[PDB]
Amino acid sequence: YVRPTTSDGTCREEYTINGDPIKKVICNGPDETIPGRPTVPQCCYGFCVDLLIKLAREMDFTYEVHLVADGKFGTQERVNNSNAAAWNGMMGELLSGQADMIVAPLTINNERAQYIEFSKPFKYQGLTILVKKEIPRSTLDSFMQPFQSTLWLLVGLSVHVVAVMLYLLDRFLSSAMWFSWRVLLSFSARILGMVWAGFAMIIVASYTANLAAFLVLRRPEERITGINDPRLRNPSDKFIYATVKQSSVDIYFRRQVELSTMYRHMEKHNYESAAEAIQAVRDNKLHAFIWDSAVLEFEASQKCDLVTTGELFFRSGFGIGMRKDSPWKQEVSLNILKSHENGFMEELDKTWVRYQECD
Amino acid sequence: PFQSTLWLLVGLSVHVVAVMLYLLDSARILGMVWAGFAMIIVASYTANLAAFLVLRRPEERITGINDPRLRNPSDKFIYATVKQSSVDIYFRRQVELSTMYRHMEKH
Amino acid sequence: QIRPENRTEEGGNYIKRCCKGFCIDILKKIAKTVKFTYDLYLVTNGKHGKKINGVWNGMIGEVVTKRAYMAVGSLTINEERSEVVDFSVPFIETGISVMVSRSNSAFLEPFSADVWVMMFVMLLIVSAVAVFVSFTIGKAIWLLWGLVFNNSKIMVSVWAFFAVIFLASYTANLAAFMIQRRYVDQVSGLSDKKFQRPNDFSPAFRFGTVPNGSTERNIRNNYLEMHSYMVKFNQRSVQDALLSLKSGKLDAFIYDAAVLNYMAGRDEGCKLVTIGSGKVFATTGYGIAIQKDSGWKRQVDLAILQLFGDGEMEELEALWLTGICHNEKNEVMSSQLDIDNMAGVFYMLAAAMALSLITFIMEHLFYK
Amino acid sequence: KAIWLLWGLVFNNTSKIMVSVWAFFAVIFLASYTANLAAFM
Amino acid sequence: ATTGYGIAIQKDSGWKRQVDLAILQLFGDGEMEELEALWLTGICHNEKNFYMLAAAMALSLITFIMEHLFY
Amino acid sequence: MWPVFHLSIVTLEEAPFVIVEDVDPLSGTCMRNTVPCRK
Ligand SMILES: N[C@]1(C(=O)O)C[C@@H](C(=O)O)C1
């Protein structure tokens with residue numbers, strides 16, 4: 001999380017729902033608020049910041065943290081030169097010597113692992129599709145209807161017939177009619193009343209059968225049935241799926257020729273940041289958005305109108321970026337291993353992943 | 001499946017309710033809560049019916065051609081086919097189904 | 001190779017077997033990319049192995065003895081092993097997890113507590129209209145609640161009809177919601193303490209794991225008393241543990257997450273399941289044991305990430321890993337007739353009665 | 001009037017105890033039959 | 001009629017037998033099943049989904065006459 | 001380039017089997033598994 005500091009320069013004091021004060025660190029980087037993009041001091045706090053702080057606790061090394069300039073994780077490209085291609089992003093910051101380490105949810109892949117070393121994964125995660133969820137509030141007055149009201153009025157007519165039959169059987173007035181209407185909500189008198197009672201019970205049971213039938217809705221087989229779905233496989237003009245351009249997801253989709261159609265569908269609707277795509281998915285501007293399950297499940301937990309698709313694909317992990325020539329990656333990977341072993345990651349995940357009750 | 005423990009707890013609750021009725025003899029609010037609990041009990045009695053109605057957990061050991069039991073053959077589940085048939089040619093053609101064919105060869 | 005059985009050379013003769021599976025095919029794919037011939041052998045001492053009295057055993061011991069350059073298998077990755085030997089990028093997520101079988105408030109859930117307040121306010125307005133039409137008002141509310149559970153004249157009749165319709169609708173929706181219920185488990189965050197303190201639950205909860213394993217070492221590392229209690233509960237093998245689970249000789253089993261999950265998916269009838277809906281502790285990965293820092297390393301890592309890049313891992317998981325219990329389509333089962341949730345709602349029902357008794361006592365107090 | 005009471009209890013509306021057991025059995029049978037009829041339908 | 005889609009050609013076409021062998025190659029390898037799985041797949045496999053009383057009333061009237069006889 | 005040098009194949013659009021799309025102005029040619037055809 002990144003937030004601007006108060007004019008005094010002091011970071012604002014905040015605490016987790018558990019009653020634990022949230023640690024914060026100073027990071028200089030580009031502000032999306034200002035018209036220009038000068039790097040400014042801002043307070044950054046979160047799972048990664050806590051991990052870096054804990055690492056600085058276990059290992060005596062201190063840390064100077066700052067936000068990346070381009071605002072993207074990392075990519076390999078050349079804008080003006082066909083001859084040679086260069087890295088951009090935090091990866092580029094790591095290879096340029098601008099940073100000796102990169103602490104962030106940077107997805108581990110073969111392309112990035114060539115130039116830079118990755119610490120043992122602190123978080124195991126994969127890609128899942130996120131689509132908008134809606135609470136099907138309906139039928140309240142309309143499931144008052146589905147009896148068509150012809151059958152209920154016919155019930156009233158049957159009540160009238162039962163009252164007439166009651167009069168005829170008792171002969172063989174108003175109070176009897178009121179008693180009949182009350183029953184709704186000689187031998188043949190009792191027969192008529194019994195048949196009326198059975199028909200009323202049957203009517204209630206039919207209303208329950210209609211109610212129970214009407215409650216089940218929208219059928220199984222939702223919009224996203226997994227990574228492979230007709231709606232996902234065939235990009236209809238109605239259903240629009242996208243991802244963040246110039247990211248690991250982009251490289252993954254652009255890598256395979258099978259996913260080239262999906263890349264053609266995403267390329268037009270693609271966004272620079274995941275936040276705009278999430279806001280678009282929430283406003284139903286974008287039908288589906290593919291991204292990390294770590295962020296996606298957290299967003300689905302945060303907002304109940306958003307649900308992530310099942311059948312997680314592309315099993316991967318997040319780790320601290322390190323240069324191969326730097327001796328800190330050994331003890332860093334060891335420290336992450338011990339971090340998982342002790343169960344600190346359990347408390348950290350219970351901390352930053354809220355899993356709200358959606359009250 | 002109520003174990004008769006729940007039914008006995010119900011009878012004991014009836015004795016306790018009778019004892020509370022004797023002792024009491026604002027009770028209308030308690031009687032109202034009792035009525036709501038009774039409606040919930042009847043609805044639960046309908047819920048047991050719906051439960052016996054469901055039967056929602058089939059195992060389905062063999063689903064299709066790509067099913068886990070077929071793709072990865074186990075000694076417990078024995079699958080076979082007619083020898084010297086189209087099935088043999090189909091299974092021997094693919095190396096993926098060649099293992100399943102090796103599994104069928106004995107059976 | 002086996003010492004007691006010897007045809008010749010007294011331990012020189014070794015028995016040949018055929019190894020295959022997920023890890024095997026992964027090792028073959030990796031060896032395909034790295035392009036090196038290799039010779040496969042099986043560890044005679046222990047299954048996985050751990051350090052006792054200062055000495056390593058198993059595959060890691062074979063690596064320390066230079067008898068094997070790279071060890072491939074179901075071996076997990078931990079802090080202790082990674083210091084002495086190198087580990088490849090994790091192939092699959094596995095760790096200490098608990099497998100259990102569940103035997104078995106929905107009433108208030110269907111109303112969402114809004115229906116109760118709405119019906120109470122509407123019954124208050126209807127009882128006010130009926131009162132306009134001390135204990136008499138109590139009998140009016142008694143009549144309203146009497147209609148609510150289905151045991152001036154026109155209003156009461158219509159109110160009775162609406163109450164009947166509401167009752168039937170509530171019954172159908174409660175039955176449907178009770179049928180649609182799922183995900184029920186125990187120890188969502190592992191902090192339930194059931195496994196932690198045996199004496200808190202009567203009778204005490206029986207839980208154990210395969211000794212000399214990584215899960216056992218981690219169990220002794222994080223919890224002392226848990227290790228001491230699960231010491232007598234240790235199982236010979238995963239099959240013996242599963243049999244101990246099924247026959248009722250063990251309440252919960254602690255083992256590898258991936259192994260337990262495949263065992264769940266390949267389970268006949270899908271009887272046993274993982275705790276926390278696939279919740280895993282220590283969140284370890286499956287790597288490849290190797291030598292000192294000098295070696296192939298990054299090439300092997302790149303090869304594994306290449307294996308992840310092509311997507312063959314998904315297909316391998318489909319053949320060797322994925323089960324028929326994934327086909328469940330969200331909700332796993334009904335839980336049938338046995339609930340005990342109604343007994344849970346019984347407390348909430350009793351609480352309002354106790355509060356009403358408090359109001360009765362409070363009325364008696366004002367009298368005196 | 002006895003059969004009328006029995007059938008009255010059977011349908012949704014020593015002697016007292018028997019009538020009580022009959023009423024409970026009638027409630028269970030009615031709820032089960034109705035719910036099962038809805039489910040089967 | 002259980003018709004199928006073949007490939008139209010000129011009569012006595014030499015490319016017939018080859019095409020037939022490839023099409024049968026798709027079924028023999030089982031790649032036809034996977035291709036059909038890819039292009040023909042869809043989302044929904046499944047979805048959606050008084051007289052006796054009057055008779056009893058007439059029987060009740062006949063019961064009135066029969067009760068009159070019985071009285 | 002002209003296609004004349006073969007077995008010329010004529011077809012007709014029927015979904016899902018035959019799907020015809022407009023050529024990409026930005027790409028200049030067909031992409032992925034799509035194949036060029038003339039009418
Ligand atoms: N993979 C295990 C290991 O020691 O690496 C065996 C298993 C267990 O016994 O739970 C953990």
# chains A, B, ... in the order shown; residues from 1 in each chain; ligands from 1

$ residues_near_ligand --ligand "ligand 1" --cutoff "10 Å" --atoms "only C-alpha atoms and all ligand atoms" --output "number ranges by chain"
C: 47-50, 73-78, 94-98, 208-219, 234-238, 253-260, 284-286

$ interface_residues --of "chain B" --to "chain D" --cutoff "10 Å" --atoms "only C-alpha atoms" --output "list in words"
residues 42, 43, 44, 45, 46, 47, 48, 49, 50, 51, 52, 53 and 54 of chain B

$ select_by_dssp --residues "chain E" --states "helix (DSSP H, G or I)" --output "MDAnalysis selection string"
chainID E and resid 15:29 31:40 51:70

$ write_last_selection --atoms "N, CA and C atoms" --output "compact mmCIF listing (two decimals), in the first residue's frame"
# COMPACT_ATOMS: atom_id res chain seq x y z
N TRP E 15 -6.89 -37.70 -54.59
CA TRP E 15 -6.67 -37.17 -53.25
C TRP E 15 -7.70 -37.65 -52.24
N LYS E 16 -8.71 -38.38 -52.72
CA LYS E 16 -9.71 -38.99 -51.86
C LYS E 16 -9.10 -39.86 -50.76
N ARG E 17 -8.51 -40.98 -51.16
CA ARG E 17 -7.98 -41.98 -50.23
C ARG E 17 -7.01 -41.41 -49.19
N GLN E 18 -6.19 -40.45 -49.60
CA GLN E 18 -5.27 -39.76 -48.69
C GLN E 18 -6.00 -38.97 -47.62
N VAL E 19 -7.01 -38.21 -48.05
CA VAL E 19 -7.82 -37.40 -47.16
C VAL E 19 -8.54 -38.29 -46.17
N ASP E 20 -9.04 -39.42 -46.68
CA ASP E 20 -9.73 -40.38 -45.85
C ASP E 20 -8.77 -40.92 -44.80
N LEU E 21 -7.56 -41.28 -45.22
CA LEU E 21 -6.56 -41.77 -44.28
C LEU E 21 -6.19 -40.73 -43.22
N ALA E 22 -6.13 -39.45 -43.58
CA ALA E 22 -5.82 -38.44 -42.57
C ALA E 22 -6.97 -38.22 -41.59
N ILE E 23 -8.19 -38.26 -42.12
CA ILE E 23 -9.37 -38.04 -41.28
C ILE E 23 -9.45 -39.18 -40.29
N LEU E 24 -9.20 -40.39 -40.78
CA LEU E 24 -9.18 -41.55 -39.92
C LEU E 24 -7.97 -41.52 -39.00
N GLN E 25 -6.94 -40.77 -39.38
CA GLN E 25 -5.78 -40.58 -38.52
C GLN E 25 -6.19 -39.74 -37.33
N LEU E 26 -7.07 -38.77 -37.57
CA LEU E 26 -7.54 -37.93 -36.48
C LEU E 26 -8.35 -38.72 -35.44
N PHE E 27 -9.16 -39.67 -35.90
CA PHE E 27 -9.90 -40.53 -34.98
C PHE E 27 -9.05 -41.63 -34.33
N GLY E 28 -8.06 -42.13 -35.06
CA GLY E 28 -7.20 -43.19 -34.56
C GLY E 28 -6.27 -42.68 -33.48
N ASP E 29 -5.73 -41.49 -33.70
CA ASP E 29 -4.85 -40.87 -32.72
C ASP E 29 -5.69 -40.35 -31.55
N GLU E 31 -7.05 -37.34 -31.83
CA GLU E 31 -6.92 -35.90 -31.95
C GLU E 31 -8.23 -35.27 -32.42
N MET E 32 -9.08 -36.07 -33.05
CA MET E 32 -10.39 -35.60 -33.48
C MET E 32 -11.26 -35.28 -32.28
N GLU E 33 -11.11 -36.09 -31.23
CA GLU E 33 -11.83 -35.89 -29.98
C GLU E 33 -11.40 -34.59 -29.31
N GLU E 34 -10.10 -34.32 -29.32
CA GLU E 34 -9.56 -33.11 -28.71
C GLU E 34 -9.92 -31.86 -29.51
N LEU E 35 -9.87 -31.96 -30.84
CA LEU E 35 -10.25 -30.85 -31.71
C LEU E 35 -11.74 -30.53 -31.58
N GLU E 36 -12.55 -31.58 -31.50
CA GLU E 36 -13.99 -31.42 -31.30
C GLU E 36 -14.26 -30.85 -29.92
N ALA E 37 -13.40 -31.21 -28.98
CA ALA E 37 -13.48 -30.71 -27.62
C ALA E 37 -13.20 -29.22 -27.63
N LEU E 38 -12.24 -28.81 -28.45
CA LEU E 38 -11.87 -27.41 -28.55
C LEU E 38 -12.95 -26.57 -29.23
N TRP E 39 -13.34 -26.94 -30.45
CA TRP E 39 -14.26 -26.09 -31.21
C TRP E 39 -15.75 -26.30 -30.95
N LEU E 40 -16.16 -27.47 -30.46
CA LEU E 40 -17.60 -27.75 -30.37
C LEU E 40 -18.12 -27.63 -28.94
N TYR E 51 -59.08 -31.04 -10.13
CA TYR E 51 -60.08 -31.97 -10.66
C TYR E 51 -60.45 -33.03 -9.62
N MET E 52 -59.44 -33.53 -8.91
CA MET E 52 -59.64 -34.52 -7.87
C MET E 52 -60.47 -33.95 -6.72
N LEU E 53 -60.28 -32.66 -6.44
CA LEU E 53 -61.04 -31.99 -5.40
C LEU E 53 -62.51 -31.88 -5.78
N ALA E 54 -62.78 -31.54 -7.04
CA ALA E 54 -64.16 -31.42 -7.49
C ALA E 54 -64.81 -32.80 -7.53
N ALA E 55 -64.00 -33.81 -7.85
CA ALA E 55 -64.46 -35.19 -7.89
C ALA E 55 -64.87 -35.61 -6.49
N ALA E 56 -64.06 -35.20 -5.52
CA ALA E 56 -64.31 -35.47 -4.12
C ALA E 56 -65.54 -34.70 -3.63
N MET E 57 -65.80 -33.54 -4.23
CA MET E 57 -66.98 -32.75 -3.89
C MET E 57 -68.26 -33.40 -4.42
N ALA E 58 -68.19 -33.94 -5.63
CA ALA E 58 -69.31 -34.66 -6.22
C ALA E 58 -69.57 -35.93 -5.43
N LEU E 59 -68.48 -36.57 -5.01
CA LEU E 59 -68.54 -37.75 -4.18
C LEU E 59 -69.14 -37.38 -2.83
N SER E 60 -68.91 -36.14 -2.42
CA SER E 60 -69.47 -35.62 -1.18
C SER E 60 -70.97 -35.35 -1.30
N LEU E 61 -71.42 -34.94 -2.49
CA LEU E 61 -72.85 -34.76 -2.73
C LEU E 61 -73.57 -36.11 -2.77
N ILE E 62 -72.94 -37.07 -3.45
CA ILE E 62 -73.45 -38.43 -3.49
C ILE E 62 -73.42 -39.00 -2.08
N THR E 63 -72.50 -38.49 -1.27
CA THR E 63 -72.39 -38.87 0.13
C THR E 63 -73.51 -38.21 0.93
N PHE E 64 -74.00 -37.07 0.44
CA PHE E 64 -75.13 -36.41 1.07
C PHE E 64 -76.40 -37.19 0.81
N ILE E 65 -76.58 -37.62 -0.44
CA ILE E 65 -77.74 -38.45 -0.77
C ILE E 65 -77.68 -39.81 -0.07
N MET E 66 -76.47 -40.37 0.00
CA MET E 66 -76.25 -41.67 0.63
C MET E 66 -76.41 -41.59 2.14
N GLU E 67 -76.08 -40.44 2.71
CA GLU E 67 -76.27 -40.19 4.13
C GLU E 67 -77.75 -40.00 4.42
N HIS E 68 -78.45 -39.37 3.48
CA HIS E 68 -79.89 -39.22 3.60
C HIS E 68 -80.54 -40.60 3.56
N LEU E 69 -79.99 -41.49 2.74
CA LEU E 69 -80.49 -42.86 2.69
C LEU E 69 -80.16 -43.60 3.99
N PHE E 70 -78.97 -43.35 4.51
CA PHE E 70 -78.47 -43.99 5.73
C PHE E 70 -79.14 -43.46 7.00

$ closest_residue --among "D:12, D:1, D:7, D:25" --to "chain C" --atoms "only C-alpha atoms"
D:12

$ residues_around --residues "residue 42 in chain A" --least-positions-apart "2" --cutoff "8 Å" --atoms "only C-alpha atoms" --output "list in words"
residues 2, 3, 4, 5, 26, 27, 28, 29, 40 and 44 of chain A

$ closest_atom_pairs --of "chain F" --to "chain A" --cutoff "10 Å" --atoms "only C-alpha atoms" --output "Markdown table"
| residue | atom | partner | partner_atom | distance |
| --- | --- | --- | --- | --- |
| F:31 | CA | A:260 | CA | 8.5 |
| F:32 | CA | A:260 | CA | 6.3 |
| F:33 | CA | A:257 | CA | 8.5 |
| F:34 | CA | A:261 | CA | 9.8 |

$ interface_residues --of "chain C" --to "chain D" --cutoff "12 Å" --atoms "only C-alpha atoms" --output "VMD selection string"
chain C and resid 147 149 to 151 164 168 to 169 171 to 176 179

$ atom_distance --atom1 "CA of residue 62 in chain A" --atom2 "CA of residue 119 in chain A"
18.2 Å

$ interface_residues --of "chain A" --to "chain D" --cutoff "7 Å" --atoms "only C-alpha atoms" --output "PyMOL selection string"
chain A and resi 197-198+201+205+208-209
